[PDB]
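Per chain, numbering begins at 1; letters A, B, ... match sequence-line order. We use all heavy atoms of the structure for the numbers below, so side chains are in, but hydrogens, waters and symmetry mates are not.
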Amino acid sequence: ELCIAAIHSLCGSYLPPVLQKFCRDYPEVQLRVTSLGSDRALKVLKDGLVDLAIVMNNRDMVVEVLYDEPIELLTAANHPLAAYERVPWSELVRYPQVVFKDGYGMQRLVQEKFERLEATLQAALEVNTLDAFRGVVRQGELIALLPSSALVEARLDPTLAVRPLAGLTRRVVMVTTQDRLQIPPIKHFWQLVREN
Amino acid sequence: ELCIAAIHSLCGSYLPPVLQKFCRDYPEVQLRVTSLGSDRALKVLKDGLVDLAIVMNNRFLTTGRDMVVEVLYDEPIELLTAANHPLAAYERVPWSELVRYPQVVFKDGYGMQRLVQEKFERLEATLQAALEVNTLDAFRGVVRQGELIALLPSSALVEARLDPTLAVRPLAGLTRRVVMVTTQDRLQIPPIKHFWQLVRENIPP
């Protein structure tokens, strides 16, 4: 049993290649990949429930930075804001959003941005999965701010539109303990992740 | 003010239209919808953290004192594979072949996990559970890699059917019953009653 906590974006963006390479190299180790908010991801690591966590930065501990990536806008196709090539902040600020629930970094990222802007954040509706995000935004009322790697399926959905912003960025990091890296399959997954 | 728990299939199937009618009818109400495995969805209902839950039937829902229970739909279990998976060749996949391939599965606390483990026990075939996962996005992401196949409820395959990199097939059945559950005290509260009403009159279709 190799147990992993990971940001929702990773199992439909870059992780599956790593999962496959690992299983090839350790055939008898069952993988467990639990998609979680960063904050919960660190709890369950501390509790010994996972061996490794891939989380954001709003939140003997070995950390490695993996990448940065912009935040973009998700929209119903033919939402007014889909008219822009790049969506200006003054327009975006006007429209109600779907948001992540508490314990997700992106949530604390979107709050922080709107605090600095001094524009009121209109949080119609809270969700906890990327599917829910797409399902809601499809319905045409609400828009969502989401990291680029979360929007892979979104870009190919003709019901939806994805747009860069006129920047707002997040960093994704990998996190474990030192004693854990003395375990070769864990170490191997750690190096696999960065290897590719 | 209104907190919903729901199995993953709902927010990519029948629930987003209900959310939309609900926010327009009660605009000052903050809606939270948390996608969860059935066990946790019920824990959080019992504990007052959500106001109602849509869950996979566990066969005991009416044993609770204050319970009201609405059956929404029954549905088949179907197979998910990569487009170019050998099993994609069939129109209706037979169990005798399907049993021979390593699977992605749900982890602990999902009704779908037991449904699948028990079936395999009952078939005297051994489940090869190479990977556990907890969302439909992960199921799709992993299955596009062409090693693993997945047993999923029909309504959990909406986006998979529109993805040319994936194949969805019926089996040659396994079914599940999705139900909505709350306590009778909560249905005295107007927005919970309204949400209850919207679901019963729209989630089935």
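Contact annotation for A:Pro27: neither backbone nor side-chain heavy atoms come within less than 4.5 Å of a heavy atom of chain B. For A:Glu153, the part lying under 4.5 angstrom from a heavy atom of chain B is the side chain only. Residue contact with chain A, scored on non-hydrogen atoms closer than 4.5 Å, involves the side chain of B:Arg140 exclusively. Of the two parts of B:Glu147, only the side chain, counted from C-beta on, holds a non-hydrogen atom closer than 4.5 Å to a non-hydrogen atom of chain A. The parts of A:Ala132 that come within reach of chain B are both its backbone and its side chain, each placing non-hydrogen atoms under 4.5 angstrom from that chain. Looking at B:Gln145, the atoms closer than 4.5 Å to chain A (heavy atoms on both sides) sit in the backbone and in the side chain alike. Looking at B:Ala129, both its backbone and its side chain come within 4.5 Å of chain A, counting heavy atoms on both sides. B:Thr135 touches chain A through its side chain: at least one heavy atom from C-beta onward sits under 4.5 Å away, while N, CA, C and O do not.
Between B:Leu80 and B:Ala160, the shortest heavy-atom contact is CD1-CB, 3.7 Å. Between B:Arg186 and B:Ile192, the shortest heavy-atom contact is O-CB, 3.4 Å. Nearest heavy atoms, B:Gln128 versus B:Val99: NE2-O, 4.5 Å.
Applying the side chain to side chain contact (heavy atoms under 4.5 Å, CB included) test between B:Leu157 and each of B:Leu162, B:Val168, B:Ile77, B:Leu136 identifies B:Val168 as the sole match.
A distance of 6.5 Å separates CE in B:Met56 from OG in B:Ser38, rounded to the nearest 0.5 Å.
Note on B:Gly141, B:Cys11, B:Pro16: by heavy-atom pairs under 4.5 Å with chain A, the leading option is B:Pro16. Contact tally against chain A (heavy-atom pairs below 4.5 Å) for B:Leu31, B:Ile4, B:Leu2: the top residue is B:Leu31.
Counting heavy atoms of neighbouring residues, nucleotides and ligands inside a 6.0 Å radius, atom CZ of A:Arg116 exceeds 12 of them. Within 6.0 Å of CZ on B:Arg200 lie no more than 12 heavy atoms contributed by other residues, nucleotides or ligands.
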